[PDB]
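There is one chain below, alone, in C-alpha coordinates, taken in the form deposited in one PDB entry.
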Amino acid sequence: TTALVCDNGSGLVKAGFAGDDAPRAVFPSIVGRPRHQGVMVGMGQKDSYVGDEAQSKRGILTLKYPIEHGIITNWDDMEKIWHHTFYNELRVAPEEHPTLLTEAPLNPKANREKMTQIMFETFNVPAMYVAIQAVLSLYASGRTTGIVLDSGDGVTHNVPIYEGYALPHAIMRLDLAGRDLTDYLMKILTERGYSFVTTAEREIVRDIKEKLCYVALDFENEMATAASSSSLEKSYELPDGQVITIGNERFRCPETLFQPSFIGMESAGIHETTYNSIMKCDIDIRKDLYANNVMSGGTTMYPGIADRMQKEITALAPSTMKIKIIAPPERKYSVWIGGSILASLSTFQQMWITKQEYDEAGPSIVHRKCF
(Lines give C-alpha, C1' and ligand atoms only; values in the text may rest on other atoms or scores of the structure.)
Protein backbone atom coordinates (compact mmCIF):
# COMPACT_ATOMS: atom_id res chain seq x y z
CA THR A 1 0.00 0.00 0.00
CA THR A 2 0.94 3.67 -0.38
CA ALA A 3 1.70 5.76 2.70
CA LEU A 4 0.25 9.21 3.32
CA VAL A 5 2.33 12.20 4.43
CA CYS A 6 0.43 15.07 6.07
CA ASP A 7 2.29 18.15 7.33
CA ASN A 8 -0.34 19.93 9.44
CA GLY A 9 1.24 23.34 9.85
CA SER A 10 -0.17 26.33 11.69
CA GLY A 11 -0.95 28.14 8.43
CA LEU A 12 -1.01 25.60 5.60
CA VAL A 13 -1.81 21.90 5.16
CA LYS A 14 0.54 19.81 3.00
CA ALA A 15 -0.66 16.36 1.95
CA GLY A 16 0.31 13.73 -0.57
CA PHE A 17 1.67 10.24 -1.09
CA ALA A 18 5.01 8.81 0.00
CA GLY A 19 7.54 8.66 -2.83
CA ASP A 20 6.39 11.85 -4.57
CA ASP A 21 8.58 14.92 -4.99
CA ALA A 22 5.94 17.51 -4.01
CA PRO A 23 2.70 17.42 -2.02
CA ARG A 24 -0.46 17.14 -4.08
CA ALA A 25 -2.78 19.17 -1.82
CA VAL A 26 -1.65 22.53 -0.40
CA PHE A 27 -4.49 24.60 1.07
CA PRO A 28 -4.80 26.99 4.03
CA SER A 29 -5.66 25.46 7.41
CA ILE A 30 -8.69 27.66 8.10
CA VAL A 31 -12.34 27.07 8.99
CA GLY A 32 -14.79 29.83 8.07
CA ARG A 33 -18.34 30.34 9.31
CA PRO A 34 -20.87 32.96 8.16
CA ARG A 35 -21.28 36.09 10.28
CA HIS A 36 -24.32 37.38 8.36
CA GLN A 37 -27.84 36.00 8.00
CA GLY A 38 -28.96 34.46 4.72
CA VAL A 39 -31.90 35.99 2.87
CA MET A 40 -32.02 33.97 -0.37
CA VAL A 41 -33.35 30.40 -0.24
CA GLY A 42 -32.82 27.71 -2.87
CA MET A 43 -29.01 27.92 -2.92
CA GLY A 44 -26.56 25.64 -1.13
CA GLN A 45 -25.57 27.24 2.18
CA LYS A 46 -23.13 25.43 4.48
CA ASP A 47 -22.52 26.10 8.16
CA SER A 48 -18.74 26.03 7.65
CA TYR A 49 -16.11 26.29 4.92
CA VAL A 50 -12.65 24.71 4.91
CA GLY A 51 -9.59 25.81 2.96
CA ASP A 52 -9.78 27.45 -0.45
CA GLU A 53 -13.57 27.65 -0.31
CA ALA A 54 -13.17 29.62 2.93
CA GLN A 55 -10.56 31.89 1.31
CA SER A 56 -12.82 32.60 -1.68
CA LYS A 57 -15.84 33.49 0.49
CA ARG A 58 -13.84 35.25 3.23
CA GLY A 59 -15.84 38.46 2.75
CA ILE A 60 -18.88 36.98 4.52
CA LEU A 61 -17.08 34.56 6.86
CA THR A 62 -15.15 34.67 10.12
CA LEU A 63 -11.87 32.79 9.70
CA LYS A 64 -10.44 30.79 12.61
CA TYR A 65 -7.16 28.88 12.74
CA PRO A 66 -7.56 25.57 14.63
CA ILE A 67 -3.78 25.32 15.17
CA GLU A 68 -2.09 28.07 17.18
CA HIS A 69 1.67 28.16 17.70
CA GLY A 70 1.96 24.58 16.54
CA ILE A 71 -0.61 23.48 19.12
CA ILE A 72 -4.08 22.28 18.14
CA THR A 73 -6.64 24.40 20.00
CA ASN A 74 -9.91 23.51 18.21
CA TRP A 75 -10.22 19.76 17.74
CA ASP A 76 -13.62 20.00 16.03
CA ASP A 77 -12.23 22.24 13.29
CA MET A 78 -9.05 20.15 13.16
CA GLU A 79 -11.14 17.02 12.57
CA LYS A 80 -13.08 18.89 9.89
CA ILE A 81 -9.80 19.86 8.20
CA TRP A 82 -8.51 16.28 8.42
CA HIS A 83 -11.75 15.00 6.87
CA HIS A 84 -11.43 17.58 4.09
CA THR A 85 -7.81 16.60 3.45
CA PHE A 86 -8.61 12.88 3.38
CA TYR A 87 -11.71 13.07 1.18
CA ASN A 88 -12.02 16.26 -0.89
CA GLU A 89 -8.30 16.87 -1.52
CA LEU A 90 -6.68 13.42 -1.71
CA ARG A 91 -9.75 11.35 -2.75
CA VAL A 92 -8.53 8.39 -0.66
CA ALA A 93 -9.88 6.14 2.07
CA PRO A 94 -7.84 6.66 5.29
CA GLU A 95 -8.56 3.06 6.35
CA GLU A 96 -6.26 1.72 3.60
CA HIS A 97 -3.24 4.04 3.85
CA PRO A 98 -0.78 4.51 6.73
CA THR A 99 -0.41 8.22 7.47
CA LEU A 100 2.70 10.08 8.63
CA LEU A 101 2.11 13.17 10.78
CA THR A 102 4.43 15.99 11.83
CA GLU A 103 4.81 18.00 15.02
CA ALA A 104 7.07 20.72 16.40
CA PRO A 105 9.44 19.78 19.25
CA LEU A 106 8.69 20.60 22.89
CA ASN A 107 4.95 20.38 22.22
CA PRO A 108 2.41 19.25 24.84
CA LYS A 109 2.04 15.48 25.00
CA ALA A 110 -1.76 15.62 24.90
CA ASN A 111 -1.56 17.15 21.41
CA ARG A 112 0.01 14.06 19.85
CA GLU A 113 -1.95 11.74 22.15
CA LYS A 114 -5.21 13.17 20.81
CA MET A 115 -3.82 13.15 17.26
CA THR A 116 -3.12 9.42 17.61
CA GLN A 117 -6.54 8.79 19.17
CA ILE A 118 -8.33 10.68 16.37
CA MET A 119 -6.32 8.86 13.69
CA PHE A 120 -6.98 5.43 15.23
CA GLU A 121 -10.67 5.97 16.07
CA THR A 122 -12.29 8.57 13.80
CA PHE A 123 -10.54 7.56 10.56
CA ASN A 124 -9.48 3.98 11.47
CA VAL A 125 -6.00 4.36 9.99
CA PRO A 126 -4.14 1.00 9.97
CA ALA A 127 -0.90 2.64 11.14
CA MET A 128 0.42 6.10 11.94
CA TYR A 129 3.62 7.83 13.03
CA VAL A 130 4.54 11.25 14.41
CA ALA A 131 7.85 12.75 13.38
CA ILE A 132 9.64 15.94 14.40
CA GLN A 133 9.53 18.50 11.62
CA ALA A 134 13.21 19.54 11.70
CA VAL A 135 14.38 15.97 11.46
CA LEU A 136 12.36 15.60 8.27
CA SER A 137 13.86 18.80 6.91
CA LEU A 138 17.32 17.31 7.49
CA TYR A 139 16.11 14.18 5.67
CA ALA A 140 15.05 16.37 2.73
CA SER A 141 18.46 18.09 2.78
CA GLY A 142 20.18 14.76 2.15
CA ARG A 143 22.24 15.18 5.32
CA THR A 144 22.86 13.36 8.58
CA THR A 145 24.68 16.27 10.28
CA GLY A 146 23.53 19.85 10.74
CA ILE A 147 21.41 22.25 12.76
CA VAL A 148 17.97 22.94 11.27
CA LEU A 149 16.22 26.31 11.67
CA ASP A 150 12.58 25.61 10.80
CA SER A 151 10.28 28.64 10.93
CA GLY A 152 6.71 28.36 9.69
CA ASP A 153 3.52 30.16 10.67
CA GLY A 154 3.41 29.24 14.36
CA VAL A 155 6.76 27.98 15.68
CA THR A 156 10.44 28.72 15.06
CA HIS A 157 12.69 25.98 16.46
CA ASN A 158 16.28 24.76 16.24
CA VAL A 159 17.35 21.10 16.30
CA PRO A 160 21.09 20.25 16.14
CA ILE A 161 21.82 16.78 14.74
CA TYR A 162 25.27 15.19 14.38
CA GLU A 163 25.83 11.88 12.55
CA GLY A 164 22.14 11.03 12.89
CA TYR A 165 22.15 11.70 16.65
CA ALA A 166 20.09 14.57 18.05
CA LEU A 167 20.97 16.60 21.15
CA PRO A 168 17.64 17.22 22.95
CA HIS A 169 19.17 19.50 25.60
CA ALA A 170 20.25 21.95 22.86
CA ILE A 171 16.83 22.07 21.18
CA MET A 172 15.45 25.61 21.00
CA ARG A 173 11.84 26.70 20.54
CA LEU A 174 10.43 30.21 20.10
CA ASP A 175 6.77 31.11 19.49
CA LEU A 176 7.57 33.83 16.95
CA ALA A 177 6.70 33.08 13.33
CA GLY A 178 4.84 34.36 10.28
CA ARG A 179 1.53 34.99 12.04
CA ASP A 180 3.23 37.28 14.57
CA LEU A 181 4.95 39.13 11.72
CA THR A 182 1.58 39.51 9.98
CA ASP A 183 0.05 40.96 13.15
CA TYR A 184 3.01 43.34 13.56
CA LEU A 185 2.63 44.45 9.94
CA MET A 186 -1.07 45.05 10.58
CA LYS A 187 -0.13 47.17 13.61
CA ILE A 188 2.49 49.20 11.72
CA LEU A 189 0.32 49.77 8.63
CA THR A 190 -1.81 52.14 10.73
CA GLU A 191 1.02 54.70 10.58
CA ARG A 192 0.14 55.38 6.92
CA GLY A 193 -3.62 55.42 7.53
CA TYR A 194 -4.24 51.83 6.40
CA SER A 195 -6.64 49.95 8.69
CA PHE A 196 -7.08 46.16 8.72
CA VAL A 197 -9.10 44.71 11.59
CA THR A 198 -10.94 41.67 10.26
CA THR A 199 -9.65 38.18 9.50
CA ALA A 200 -10.01 38.64 5.73
CA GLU A 201 -8.01 41.85 6.00
CA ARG A 202 -5.46 39.79 7.95
CA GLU A 203 -5.29 37.42 4.98
CA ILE A 204 -4.76 40.49 2.73
CA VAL A 205 -1.95 41.79 4.97
CA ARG A 206 -0.40 38.31 4.92
CA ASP A 207 -0.39 38.39 1.16
CA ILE A 208 1.14 41.89 1.21
CA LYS A 209 3.84 40.62 3.57
CA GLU A 210 4.54 37.62 1.34
CA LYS A 211 4.82 39.78 -1.78
CA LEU A 212 6.60 42.92 -0.51
CA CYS A 213 8.68 42.14 2.60
CA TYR A 214 12.43 41.54 2.62
CA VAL A 215 15.23 41.34 5.19
CA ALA A 216 17.75 44.19 5.23
CA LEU A 217 21.45 43.41 5.54
CA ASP A 218 21.94 46.54 7.68
CA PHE A 219 18.83 47.73 9.49
CA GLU A 220 19.99 51.23 10.44
CA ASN A 221 21.47 51.96 7.01
CA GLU A 222 18.27 50.71 5.38
CA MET A 223 16.20 52.94 7.67
CA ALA A 224 18.37 55.94 6.76
CA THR A 225 18.02 55.14 3.05
CA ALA A 226 14.24 54.84 3.40
CA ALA A 227 14.07 58.15 5.27
CA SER A 228 16.31 59.78 2.65
CA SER A 229 14.45 59.04 -0.60
CA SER A 230 11.53 57.06 -2.05
CA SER A 231 13.49 54.29 -3.80
CA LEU A 232 12.26 51.62 -1.36
CA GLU A 233 8.59 52.59 -1.73
CA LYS A 234 6.34 50.10 -3.52
CA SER A 235 2.64 49.91 -4.32
CA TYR A 236 0.08 47.17 -3.72
CA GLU A 237 -3.44 46.95 -5.16
CA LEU A 238 -6.22 45.97 -2.77
CA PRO A 239 -8.97 43.59 -3.98
CA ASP A 240 -11.43 46.51 -4.17
CA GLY A 241 -9.12 48.55 -6.41
CA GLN A 242 -7.50 50.68 -3.72
CA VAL A 243 -3.74 51.20 -3.98
CA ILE A 244 -1.49 51.45 -0.91
CA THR A 245 2.17 52.45 -0.71
CA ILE A 246 4.59 51.27 1.99
CA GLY A 247 8.17 52.31 2.70
CA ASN A 248 10.31 51.11 5.60
CA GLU A 249 7.54 48.70 6.66
CA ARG A 250 8.82 46.29 4.00
CA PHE A 251 11.93 45.49 6.06
CA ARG A 252 10.68 46.54 9.51
CA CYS A 253 8.21 43.63 9.59
CA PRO A 254 10.77 40.79 9.13
CA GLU A 255 13.23 42.60 11.41
CA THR A 256 11.21 41.26 14.36
CA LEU A 257 12.82 37.86 13.72
CA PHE A 258 16.18 39.38 14.69
CA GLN A 259 14.81 41.96 17.17
CA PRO A 260 11.92 40.26 19.03
CA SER A 261 11.58 43.34 21.26
CA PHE A 262 9.55 45.03 18.50
CA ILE A 263 6.54 42.95 19.59
CA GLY A 264 7.40 43.19 23.30
CA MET A 265 9.17 39.84 23.58
CA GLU A 266 12.24 39.41 25.78
CA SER A 267 13.73 36.53 23.77
CA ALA A 268 16.77 36.84 21.54
CA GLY A 269 16.76 36.78 17.76
CA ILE A 270 16.97 33.72 15.55
CA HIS A 271 20.71 34.22 14.97
CA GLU A 272 21.50 34.40 18.69
CA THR A 273 19.16 31.46 19.30
CA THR A 274 21.02 29.36 16.72
CA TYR A 275 24.37 30.42 18.18
CA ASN A 276 23.25 29.44 21.69
CA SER A 277 21.96 26.10 20.39
CA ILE A 278 25.33 25.47 18.73
CA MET A 279 27.26 26.47 21.86
CA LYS A 280 25.22 24.07 24.01
CA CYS A 281 26.51 21.13 21.95
CA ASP A 282 29.81 19.31 22.36
CA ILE A 283 32.89 21.29 21.32
CA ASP A 284 33.95 18.61 18.81
CA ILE A 285 30.80 18.99 16.65
CA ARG A 286 30.48 22.79 16.59
CA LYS A 287 32.74 23.01 13.53
CA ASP A 288 30.41 20.72 11.57
CA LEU A 289 27.33 22.52 12.90
CA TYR A 290 28.66 25.92 11.80
CA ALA A 291 28.86 24.83 8.14
CA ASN A 292 25.51 22.98 7.98
CA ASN A 293 22.91 25.59 8.92
CA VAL A 294 19.73 24.41 7.18
CA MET A 295 16.71 26.71 6.88
CA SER A 296 13.19 25.48 6.12
CA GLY A 297 9.67 26.86 6.25
CA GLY A 298 7.79 29.79 4.77
CA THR A 299 9.28 32.34 7.18
CA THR A 300 12.74 31.54 5.74
CA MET A 301 11.65 32.69 2.25
CA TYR A 302 12.23 36.41 2.86
CA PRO A 303 14.75 37.83 0.36
CA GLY A 304 18.15 38.41 1.91
CA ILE A 305 17.50 36.47 5.12
CA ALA A 306 20.24 33.89 4.46
CA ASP A 307 22.83 36.64 4.00
CA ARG A 308 21.70 38.36 7.21
CA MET A 309 21.86 35.09 9.15
CA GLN A 310 25.32 34.34 7.75
CA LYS A 311 26.55 37.82 8.70
CA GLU A 312 25.16 37.59 12.24
CA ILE A 313 26.51 34.08 12.86
CA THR A 314 29.91 35.10 11.50
CA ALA A 315 29.87 38.10 13.85
CA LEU A 316 29.05 35.72 16.73
CA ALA A 317 31.23 32.75 15.72
CA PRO A 318 35.03 32.65 15.97
CA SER A 319 36.85 34.04 12.94
CA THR A 320 38.50 30.72 12.07
CA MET A 321 35.13 28.96 11.71
CA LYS A 322 33.41 28.72 8.33
CA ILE A 323 29.72 29.66 8.31
CA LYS A 324 27.50 28.36 5.50
CA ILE A 325 23.74 28.90 5.37
CA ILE A 326 21.85 26.31 3.32
CA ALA A 327 18.64 27.74 1.82
CA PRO A 328 17.32 25.45 -0.91
CA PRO A 329 14.74 27.06 -3.23
CA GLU A 330 12.14 24.42 -2.23
CA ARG A 331 12.53 24.81 1.56
CA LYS A 332 8.83 25.69 1.90
CA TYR A 333 8.09 21.95 1.48
CA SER A 334 11.23 20.43 3.04
CA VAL A 335 9.26 18.93 5.93
CA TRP A 336 6.86 17.15 3.57
CA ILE A 337 9.68 16.00 1.27
CA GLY A 338 11.58 14.54 4.22
CA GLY A 339 8.43 12.89 5.52
CA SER A 340 7.84 11.24 2.15
CA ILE A 341 11.48 10.11 2.02
CA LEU A 342 11.20 8.64 5.52
CA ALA A 343 7.91 6.89 4.70
CA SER A 344 9.46 5.47 1.50
CA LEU A 345 12.35 3.85 3.41
CA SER A 346 12.39 0.09 3.89
CA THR A 347 14.03 0.26 7.33
CA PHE A 348 11.34 2.67 8.57
CA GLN A 349 8.48 0.22 7.93
CA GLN A 350 9.11 -1.47 11.30
CA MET A 351 8.60 1.84 13.16
CA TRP A 352 4.91 2.23 12.30
CA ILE A 353 2.46 2.27 15.20
CA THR A 354 -0.22 -0.23 14.17
CA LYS A 355 -3.83 -0.53 15.31
CA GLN A 356 -3.14 -3.64 17.41
CA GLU A 357 -0.29 -1.98 19.32
CA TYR A 358 -2.45 1.08 20.01
CA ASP A 359 -5.29 -1.14 21.24
CA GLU A 360 -2.88 -3.00 23.54
CA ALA A 361 -1.13 0.10 24.90
CA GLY A 362 -3.46 3.06 24.32
CA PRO A 363 -2.56 6.61 23.30
CA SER A 364 0.59 6.54 25.47
CA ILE A 365 2.44 4.39 22.90
CA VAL A 366 3.20 7.47 20.77
CA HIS A 367 5.57 8.72 23.48
CA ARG A 368 7.48 5.42 23.43
CA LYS A 369 7.62 4.80 19.67
CA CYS A 370 8.01 8.42 18.49
CA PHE A 371 10.63 11.05 19.29
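The first residue of the shown sequence is 1; numbering continues from there.
Quick note: we don't show the form deposited with a partner chain bound, though the next part is all about it.
Taking the partner from elsewhere, residue 258 is found to have every heavy atom lying beyond 4.5 Å of the partner chain in the bound PDB entry. Contact check for residue 192: a heavy atom falls within 4.5 Å of the partner chain in the bound PDB entry.
Residue 201 belongs to the set of residues with a heavy atom inside 4.5 Å of the partner chain in the bound PDB entry. Among heavy atoms of residue 235, none comes within 4.5 Å of the partner chain in the bound PDB entry.
Contact with the partner chain in the bound PDB entry, judged by any heavy atom within 4.5 Å, is made by just one of 212, 244, 78, 118: 244.
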